[PDB]
Amino acid sequence: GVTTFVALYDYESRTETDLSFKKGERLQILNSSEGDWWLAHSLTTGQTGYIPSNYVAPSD
């Protein structure tokens, strides 16, 4: 059970709860893919936080 995505663009953390990531990073969500902001964990960096769905695309 995973739901994974790859980053299309860099995203710099700007809030207390979001997650910085670089283009090409692999990210997994910790709940469902509903909505526009998802709690994620980066397989690349090990960090976690909310990410914007419009910066990523599904990755098997």
Side-chain angles (χ1 to χ4, degrees), residues 1-30 32-60:
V2 314
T3 310
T4 37
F5 300 84
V6 60
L8 309 179
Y9 319 123
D10 301 347
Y11 176 83
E12 199 196 317
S13 166
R14 50 211 90 190
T15 77
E16 302 293 343
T17 57
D18 64 351
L19 167 66
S20 285
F21 56 85
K22 295 286 199 183
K23 175 168 174 176
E25 282 191 33
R26 292 201 97 230
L27 316 161
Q28 74 179 315
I29 67 190
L30 305 181
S32 83
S33 68
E34 279 198 350
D36 287 351
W37 282 92
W38 300 332
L39 178 69
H41 162 250
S42 171
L43 286 71
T44 306
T45 72
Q47 300 313 295
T48 74
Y50 287 104
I51 65 171
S53 73
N54 55 10
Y55 277 59
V56 307
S59 174
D60 287 341

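The basis for the numbers below is simple: all heavy atoms, side chains too, and nothing from hydrogens, waters or symmetry mates. Along the sequence shown, residues carry numbers from 1.
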So [Y] and [X], do their side chains get closer than 4.5 Å, heavy atoms only?
X     : Y     : value
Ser20 : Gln47 : no
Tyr11 : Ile51 : no
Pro52 : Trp37 : yes
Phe5  : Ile29 : yes
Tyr50 : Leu39 : yes

For [X] versus [Y], what's the shortest heavy-atom pair and its separation?
X     : Y     : value
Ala57 : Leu8  : CB-CD2, 4.0 Å
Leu27 : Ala7  : CD1-CB, 4.5 Å
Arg26 : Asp60 : NH2-O, 2.6 Å

Please determine whether side chain to side chain contact (heavy atoms under 4.5 Å, CB included) holds for the pair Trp38 and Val56, giving the CA-CA distance in whole Å, both sets of side-chain angles, and the decisive distance to 0.1 Å. CA-CA 11 Å; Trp38 300 332; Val56 307; 3.9 Å; yes
For atom CG of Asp36, is the number of surrounding heavy atoms from other residues, nucleotides or ligands below 6.0 Å larger than 12? no
Taking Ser59's backbone N and O only, do any of them form a donor-acceptor pair with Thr4's side chain (distance below 3.5 Å, no angle check)?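 Checked: pair present.
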Give me each pair satisfying salt bridge (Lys or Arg N to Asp or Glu O under 4.0 Å) with a member in residues 8-25, each pair once, sequence neighbours excluded. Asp10-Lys22
